[PDB]
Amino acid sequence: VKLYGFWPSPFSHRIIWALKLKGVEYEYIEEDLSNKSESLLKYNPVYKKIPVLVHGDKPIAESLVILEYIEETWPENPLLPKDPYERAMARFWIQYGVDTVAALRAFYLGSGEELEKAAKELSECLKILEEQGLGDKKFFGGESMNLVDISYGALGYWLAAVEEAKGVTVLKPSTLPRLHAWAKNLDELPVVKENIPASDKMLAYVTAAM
């Protein structure tokens, strides 16, 4: 198993978390986004981007597709539930992750005017997720992490970096106590903590990219 990634992308970190939750050994390959390898390009010709998981020289691209492949190829320690309805709820909230990413980007690129508005719409996006998806559960997976937890993990370390850069906090305990407690707990889990960039280094990159 090989994984073509980029050190600060949460789309790469998702796969790292899932592989470590499965206990799968793999070779990591840092990609230079501006100077893409021939390998990556060969493997992901449609999109030409990371992450790409390569399993016996067969490539899987797109983070969400990779996670489902990992869950089916290594069913031990299931990261999706048993029940089709429950599996469908998991997939629904992962889908909803597409609206969250878009709300996250607006925030990320906002600056005055649009920023203030981007933050409020991110907050609204987040409150729906907290109140209808997470609910009172410890994790989206219930008592342990599932693929929805992996998909939204960026709401801890990565959004915190962006909030500090922006000088605006959206995910705050007072307006989103359940989701904030969830993101704080996840971010302290060793499988997450040992597999994200250092906060200082993460902030610096977000800054540059801004």
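Counting begins at 1, following the sequence as shown.
Mean C-alpha B-factor is higher over 115-123 than over the other stretch, the pair under comparison being 115-123 and 128-136. The deposited model assigns a higher average Cα B-factor to 103-111 than to the other stretch when 103-111 and 80-88 are compared. For the set 141, 45, 153, 177, the PDB entry assigns the largest Cα B-factor to 45.
Residue 149: CA B factor lies in the lowest third for its chain, per the PDB record. The PDB entry assigns residue 70 a C-alpha temperature factor belonging to the lowest third of its chain's modelled residues.
Ranked by Cα temperature factor within the chain, residue 202 sits in the highest third according to the deposited record. The entry lists a Cα temperature factor for residue 182 that places it in the lowest third of the chain's modelled residues. Residue 171: CA B factor lies in the lowest third for its chain, per the PDB record.
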